[PDB]
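Here the structure comes first, spelled out in C-alpha cells, and everything after it is commentary.
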Amino acid sequence: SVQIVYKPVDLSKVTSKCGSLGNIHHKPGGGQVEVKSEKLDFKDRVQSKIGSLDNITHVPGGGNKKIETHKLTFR
Amino acid sequence: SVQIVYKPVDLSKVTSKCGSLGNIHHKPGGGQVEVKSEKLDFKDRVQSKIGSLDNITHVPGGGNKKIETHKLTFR
Amino acid sequence: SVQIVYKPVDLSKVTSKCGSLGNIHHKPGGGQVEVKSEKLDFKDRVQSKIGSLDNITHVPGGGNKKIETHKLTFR
Amino acid sequence: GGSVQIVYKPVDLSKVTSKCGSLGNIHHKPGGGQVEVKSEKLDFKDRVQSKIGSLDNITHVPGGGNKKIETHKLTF
Amino acid sequence: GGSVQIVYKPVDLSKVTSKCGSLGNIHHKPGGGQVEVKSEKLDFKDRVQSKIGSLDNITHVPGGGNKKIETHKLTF
Amino acid sequence: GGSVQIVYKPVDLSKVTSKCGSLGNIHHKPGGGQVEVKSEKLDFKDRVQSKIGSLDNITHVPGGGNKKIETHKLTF
C-alpha cells in the first residue's frame, strides 16, 4: 500500500515599507523666498518649482512579487 | 491500495505600504513667496509651480503580484 | 482502490496601501504668495500652478494581480 | 502614276507656366510678444516710413509674363 | 511608280516653367519676445526707414518671364 | 520602283525649369529674446535705415527667365 500526505504550510510575510513612514515634523519653518527675474530668454523646455517648504515623497519601487508552485506526481 | 491527501495551507501576507504613511506634521509654516518677473521670452514648453507649502506624494510603485500553481497528476 | 483528497486552503492576503494614509496635519500654514508678471512672451504650451498650501497625492501604482491555478489529473 | 502624298500633322501638348510672387507659403502665428516705444515727442518729417509692431506681406510682380510664338508653313 | 510620301509628325510634350520669388516656405511662430525703445525725442527727417519690432515679408519679381519660339517649315 | 518615303517624327519631352528666390525654406520660431534701445534723443537724417528687433524676409528676383527656341525644317 502507498500513503502520501502533502500538507506544506505557509505563514510567510512579504512586506514593503517605502517612502516617508512614521516621521514627526514639529513646527518646520520655510524661510521667505524671493525670485526676481528680468531680461531672460529660454530657447527650450523649462521646468520651474518655487516655494518655501516642500515635503516630496516619490515611490516607483516597493512592489512585491510572490511565485509559488506545488507539483505532486504519482506514477 | 493508494491514498493521496493534498492539503497545502496558505495564511501568507503580501503587503505594500508605499508613499506617506502615519506622519505627523505639527504647525508646518511655509514662508512668504514672491516671484517678480519682467521682460522674459520662452520659445518652448513651460511648466511652473509656485507656492509656500507643498505636500506631494507620488506612487507609481507599491503593486503586488501573486502567482500560485497547484498540480496533482495520478498515472 | 484509490482515494484522492484535494483540499488546498487559502487564507492569504494581498494588500496595497499606496498614497497618503493615516497622516496628521495639525494647523499647516501656507504663507502669502505674490506672482507679479509683466512683458512676458510664451511661444509654446504653458502649465502654471500658483497657491499657498498644496496637498497632492497621485497613485498610478498600488495595483494587485493574483493568479491561482488548480489541476487534478487522473490517468 | 508619279503621285505625291504629304501628311502635315505636327502635335503640340507643351506647357508654358510662370509662378511668380508669393505662392503656397505658410505663415503660422507670426508676431512679436511686446513692442513699446516711449518718448516725449515723435517728430517725423519729409519721407519717413515708420513701422512699430506691424506685420507686412508685400508682393510686387512686374515680371512673370509669357510669350509663345508658333509658325507653320507648307509650300508645294 | 516614282511616288513620294512625306509624313511630317513632330511631337512636343515639353514644359517651360518659372518658379520665381517666395514659394512653398514655412514661417512658424516668427517674432521677438520684447522690443523697447525709450527716448525723450525721436526726430526722423529726409528719407528715413524705421522698423521697431515689425515683421516684413517683401517679394519683388521683375523676372521669371518665359519666351518660347517654335517654327515649322516643309518645302516640296 | 524608285519611290521616296520621308518620315519626320522628332519628339520633345524636355523640361526647362527655373527655381529662383526663396523656395521650400523652414523658419521655425525666429526672433530675439529682448531688444532695448535707451537714449535721450534718436536723431535720424538723410537716407537712414534703422532696424530695432525687426524680422525681414526680402526676396528680389530680376532673373529666373526662360528662353526656348526650336526650329524644324524639311526641304524635298
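Going down the list A:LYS7/C:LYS17; A:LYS17/C:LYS27; B:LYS43/E:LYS45; A:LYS39/D:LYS45; D:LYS73/E:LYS67, which pairs span over 25 Å between their C-alpha atoms? Don't jump to the answer; show the numbers that get you there.
Numbers: A:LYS7/C:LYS17 32 Å; A:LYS17/C:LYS27 27 Å; B:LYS43/E:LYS45 37 Å; A:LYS39/D:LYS45 34 Å; D:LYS73/E:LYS67 21 Å.
Among A:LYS7/C:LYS17; A:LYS17/C:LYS27; B:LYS43/E:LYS45; A:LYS39/D:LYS45; D:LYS73/E:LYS67, the Cα-Cα distance tops 25 Å for A:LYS7/C:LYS17; A:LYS17/C:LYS27; B:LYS43/E:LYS45; A:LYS39/D:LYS45.
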Completion exercise
Phi-derived 3J(HN,Hα) across segment B:59-71 with the Karplus relation (6.51, -1.76, 1.60, θ = phi - 60°), rounded Hz, x for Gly and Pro, is 10, x, x, x, x, 10, 10, 10, 10, 9, 10, 10, 10
Handout entry: Under the Karplus curve 6.51 cos²θ - 1.76 cosθ + 1.60, θ = phi - 60°, whole-Hz ³J(HN,Hα) for segment C:7-18, x wherever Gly or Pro sits
Key = 10, x, 10, 10, 10, 6, 10, 10, 9, 10, 10, 10
Practice task
Calculate one ³J(HN,Hα) per residue across segment A:38-47 by plugging θ = phi - 60° into the Karplus curve 6.51 cos²θ - 1.76 cosθ + 1.60, and present them in order as whole Hz with x for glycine and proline.
Solution key: 8, 6, 10, 10, 10, 7, 9, 3, 10, 10
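Give me the Kirkwood hydrodynamic radius of chain D, using the inverse of the mean 1/r over all pairs of distinct Cα atoms, in Å to one decimal.
Working: mean 1/r = 0.0482 Å⁻¹.
Result for chain D stands at 20.7 Å.
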Fill in the blank from the handout: Projected onto the charge dipole of chain C (unit charges on the beta-carbon of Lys, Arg, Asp and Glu, signs +1, +1, -1, -1), the Cα from C:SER16, C:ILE56, C:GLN32 with the largest positive-side position is that of C:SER16
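By counting other Cβ atoms within 10 Å of each Cβ, how are F:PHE76, C:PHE42, B:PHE42 ranked from fewest to most? All intermediate terms of the calculation are to be shown ahead of the outcome.
Numbers: F:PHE76 12, C:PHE42 18, B:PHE42 24.
Neighbour counts put them in this order, fewest first: F:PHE76, C:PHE42, B:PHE42.
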Handout entry: Long-range HN-HN contacts of E:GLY33 with modeled amide H, under 5 Å
Key = D:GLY33, F:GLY32, F:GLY33
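Taking the Cα centre of chain D as origin and charging only Cβ (+1 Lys, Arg; -1 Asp, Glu), how large is the dipole, in debye to the nearest 20?
On the way: 12 positive and 7 negative charges, 55 e Å.
The dipole magnitude comes to about 260 debye.
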Exercise for the section: Show the residues, 5+ positions off or on another chain, whose built amide H is closer than 5 Å to the amide H of A:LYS49. Expected result: B:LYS49
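For chain A, what is the charge dipole size about the Cα centre, in debye to the nearest 20, if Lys and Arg each add +1 at the Cβ and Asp and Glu each add -1 at the Cβ? Don't jump to the answer; show the numbers that get you there.
Details: 13 positive and 7 negative charges, 102 e Å.
It comes to approximately 480 debye.
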Exercise for the section: Would you work out which of E:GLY64, D:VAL61, F:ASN25 lies farthest towards the positive end of the dipole of the protein assembly as shown, given +1 charges on the beta-carbon of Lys and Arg and -1 on that of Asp and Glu, about the Cα centre? Expected result: F:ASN25
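When C:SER1, B:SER16, F:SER22 are ordered from fewest to most other Cβ atoms inside 10 Å of their Cβ, what list results?
On the way: C:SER1 6, B:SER16 29, F:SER22 19.
With the fewest neighbours first, C:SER1, B:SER16, F:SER22 line up as C:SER1, F:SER22, B:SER16.
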Handout entry: Two-decimal Rg to Rh for the protein assembly as shown - Kirkwood Rh, Cα set
Key = 1.33
Exercise for the section: Could you please state, rounded to a whole Å, how far the C-alpha centre of segment F:1-60 is from the C-alpha centre of segment B:18-75? Expected result: 53 Å
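Under a Cβ-only charge scheme (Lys and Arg +1, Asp and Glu -1), can you give me the dipole magnitude of the protein assembly as shown about the Cα centre, in debye to the nearest 20?
I would put it at about 2180 debye.
Which of A:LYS36/B:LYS49; C:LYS13/C:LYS71; D:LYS29/F:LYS51 have a Cα-Cα distance over 19 Å? Working shown, then result.
Numbers: A:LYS36/B:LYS49 15 Å; C:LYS13/C:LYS71 22 Å; D:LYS29/F:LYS51 22 Å.
With Cα atoms farther than 19 Å apart: C:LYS13/C:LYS71; D:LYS29/F:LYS51.
Roughly how crowded by other chains is peptide F:1-11, in terms of the mean Cβ count from those chains within 10 Å of each of its Cβ atoms? Don't skip to the answer; put the middle values down first.
Numbers: counts 4, 4, 7, 6, 6, 7, 6, 10, 6, 5, 7.
Mean partner shielding for this stretch: 6.
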Completion exercise
Largest fluctuation, A:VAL35, A:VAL14, A:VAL59 only, Gaussian network model of chain A with Cα springs under 10 angstrom, belongs to A:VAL35
Handout entry: Cα principal axis extents for chain A, largest first, Å
Key = 93, 40, 4
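Please note: Cβ atoms are built from the backbone with ideal geometry, for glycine as well, and neighbour counts cover all protein chains shown. Read the figures in this text as sums done on the coordinates, not as results from a lab.
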